[PDB]
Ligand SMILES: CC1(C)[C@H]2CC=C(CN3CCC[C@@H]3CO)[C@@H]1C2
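Before any questions on how it binds or moves, here is one chain, the form deposited without the named molecule, in C-alpha cells.
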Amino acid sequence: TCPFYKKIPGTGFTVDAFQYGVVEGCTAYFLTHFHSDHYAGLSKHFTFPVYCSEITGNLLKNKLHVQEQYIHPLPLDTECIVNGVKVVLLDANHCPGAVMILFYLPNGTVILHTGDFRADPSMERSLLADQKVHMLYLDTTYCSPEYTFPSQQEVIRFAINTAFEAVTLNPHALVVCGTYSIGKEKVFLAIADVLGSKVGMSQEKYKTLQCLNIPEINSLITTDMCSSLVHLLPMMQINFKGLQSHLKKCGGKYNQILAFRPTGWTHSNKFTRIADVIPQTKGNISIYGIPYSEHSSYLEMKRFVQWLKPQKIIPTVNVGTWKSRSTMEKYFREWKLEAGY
C-alpha cells in the first residue's frame, strides 16, 4: 500500500507511486525522474495519466514502452492546470529530466515536492521566490552534518586533469567510466572532450542517451567501441577482474586502464580533500572512486530550507527507522530556531 509521504492532500495526486497497483482516489500519477526506485511499476500496460518532464516522457515512451496517449509532458517554469489544480515543474539539479513540483491547492495551501534534488542558490531565483510554501516534501538522503562533498565543478576538474595526464604519458591507456542509471553524464563527456574522443558504449546505453535532449550529442557518443578511447561499462564491471577481461577484448590496442566510479558519498570524504584522492591499483589497472553527487550535501540542504521557511517538513528519504527519523526532526528544529521562522 502507498505510503502517506507519496500522497498530496486535497488532490487526486500521487508522486513516484507506481509500485502499489491502482491507488485508491488517484486521478493523476506524477513522476519526478527516471530512476528505478521511483518509476518501479510502469510499462506498456499502464493506462492512467502520467505527468512528467519532456525528457522523462521520452524515456517512458522509448525505454519502458508506455503508450503516448497516457504520457503528459509539461514544460518547465510554466503554470499549468491539471485536473483543476495549478502546478509548476522546476529543475531539480539531479539527473536529466528531473523536476521538483509546486502544487497550488484549491484551499490556498502551497506544497513543494523536491523529488530527488541537489539544492543550489540558483533555486532562490526561480518561481519559488514569488510566494509562500506551507509544506515541503524534502529529499533528505544526506541529512546529517558528516555528509560534505565538493562542488561538481571541482570533481570534474580533478577527473579531466587525471585522465589528460595519464593518456598523455601513455597514449595506449584506455579510460573506462562506470554507469548504471541516467545522471552524472558530465563525468564521461568532459573526459572525452579533453581527449578528443567520442564515448563508446552499448546500443542500450546509446538509446538511453539519445532520449535526453543534450545538445550536440551525436558529436560526443558512439556505439563503435573501436574508434573510441573512453568506454562506458556497467558499474558492476568496475573492478579488477571486470576490467582485466575488458582489456583482453580490446585486442592489444591498449596496455593500461584508468577507470572511474562516480559514487555519491564515501567516508574517505570525512578525512581527505578532492586534490588528495588516490586510486586503487593492481598491475596495469587503476580505479578512482570520485565523490560526484546529484543530491544535496547537508549544508546545501540546510541553506535551502532556511531560505524557503516552510511551515511543515515531510522527509521522503531515510524514513524507515526511528533513529533516522528522530535525527532528522532534531536538525529541522535546529534550523528553524537558528533562522527565526
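Just so we're on the same page, rigid core means the largest C-alpha set that superposes within 1.5 Å between forms. One rule holds for the numbers: they count along the sequence shown, beginning at 1.
Larger root-mean-square CA separation from the shown form, computed after a rigid core fit of the structures in 9 other deposited structures of this protein, is seen for 213 to 221 when 213 to 221 is set against 124 to 132. Relative to one another, 198 to 206 and 96 to 104 have unequal mean CA B-factors, and 198 to 206 is the one with the higher figure. In this crystal structure, the stretch out of 216 to 224 and 71 to 79 whose C-alpha atoms carry the higher mean B factor is 216 to 224. Taking the deposited Cα B-factors for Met123, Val167, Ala259, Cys250, the highest one is held by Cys250. Each of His267, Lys184, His113, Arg118 has a CA temperature factor in the record; the biggest one is found at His267. Compared with the other modelled residues of the chain, the Cα B-factor recorded for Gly178 ranks in the lowest third.
Among the modelled residues of its chain, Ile314 has a C-alpha B-factor that falls in the middle third, as given in the PDB entry. When the modelled residues of the chain are ordered by their C-alpha B factor, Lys282 lands in the highest third. When the modelled residues of the chain are ordered by their C-alpha B factor, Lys61 lands in the middle third.
Split the chain's modelled residues into thirds by C-alpha temperature factor. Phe188 is in the lowest one.
Beyond what is shown, the protein has a form solved in complex with the named molecule; the following relates to that form.
Judged by the 2.4 Å clash test against backbone and C-beta atoms, the pocket of this chain is open once the named molecule is superposed from its pose in the entry with it bound, as not a single ligand atom violates the cut-off.
Of the candidate stretches 225 to 233, 198 to 206, 78 to 86, 145 to 153, only 145 to 153 has residues whose heavy atoms lie within 4.5 Å of the named molecule in the entry with it bound. Interface residue remark: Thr141 is counted as part of the site for the named molecule in the entry with it bound, having a heavy atom within 4.5 Å. The candidate spot formed by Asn318, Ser324 and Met328 lies fully in contact with the named molecule in the entry with it bound, as each residue has a heavy atom within 4.5 Å of it.
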